[PDB]
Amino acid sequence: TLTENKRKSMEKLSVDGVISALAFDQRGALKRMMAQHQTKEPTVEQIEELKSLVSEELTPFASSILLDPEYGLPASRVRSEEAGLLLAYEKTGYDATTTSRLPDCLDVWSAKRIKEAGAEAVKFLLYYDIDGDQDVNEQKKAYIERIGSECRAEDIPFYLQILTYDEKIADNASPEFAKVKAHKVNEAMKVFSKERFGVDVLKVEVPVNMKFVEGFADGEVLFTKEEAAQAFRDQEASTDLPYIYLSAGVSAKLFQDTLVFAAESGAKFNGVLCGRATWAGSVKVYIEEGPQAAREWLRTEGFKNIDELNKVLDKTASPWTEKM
């Protein structure tokens, strides 16, 4: 199930078997945010500095941090010594002119190099449509096998992130996609839980768009609480691997309500990958007010944000040590 070194790495990424990972491997996305508050093009120096500030100030309150090798290596070196490190292995984005969204590793990186850079885990993002072109998915499955094999050889945990989509639906925030999301998410988890892919932890979406669930919905309601709850139980039944939720797309408050709903429904999720919901406010402050201002924001609102999340995690998350 786990080797000695994989186990020690998992322990370093976790606290009492729960993963509270701070996500900051954003690259193009972060540049765009920064680009909001200044005229000049955001610089390499600024991106590297902001990542270092967030890492330095908030990793004492996180079990681990996810960074990118492109801008995040300086930040990784100033993380809390008690915090583990995950490094992203994939190139960002996808070709919007096609529907295949094929995976591609960073050109001058390898699992070995990620380990050599001091990571306790390899993170890789895969876009997957279970109902998509079968040859496309065969290529995707082959690619993940390679990465899973690399990680076994280098004896470093493999964190596979799955973002689902539909080749025929442009907007994943649409009601049309919400109706099939549980299917997309849970069936993908079933595929990638197979031993052949070498995954140690799955980083996945919640199997429902909570914005369409009764009580959580501001607008149209597509699902009852009981229907949403069943999707979470179906997800829990879709894998025996540790899995953690990504907070991408929703507010901090909604994500936290979702963790509660997940736990109450019977999901035994083992933590979260949360980023933007925690450090977003530091970006404008850093750009408009500079480095020191960001530190004080991070020591105050930043701590409050991640502290609130941790308190929610305490009463909702299950330790991965109960899956081993």
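Numbers for residues come from their place in the sequence shown, where the first is 1.
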query: 92-100 set against 176-184, stretch whose average Cα temperature factor tops the other in the entry; finding: 92-100
query: Mean Cα B-factor comparison, 210-218 or 133-141, giving the higher one as deposited; finding: 210-218
query: Residue with maximal Cα B-factor (values as given in the PDB entry) among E81, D200, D107, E150; finding: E81
query: Selection by C-alpha B-factor (highest) of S282, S63, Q256, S55; finding: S282
query: Ranked C-alpha temperature factor of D166 among modelled chain residues, by third; finding: middle
query: CA B-factor ranking of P157, expressed as a third of its chain; finding: lowest
query: Position of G118 among the chain's modelled residues by C-alpha B-factor, lowest, middle or highest third; finding: lowest
query: For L85, the third of its chain into which the C-alpha B factor falls; finding: lowest
query: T59, C-alpha B-factor rank within chain (lowest, middle or highest third); finding: middle
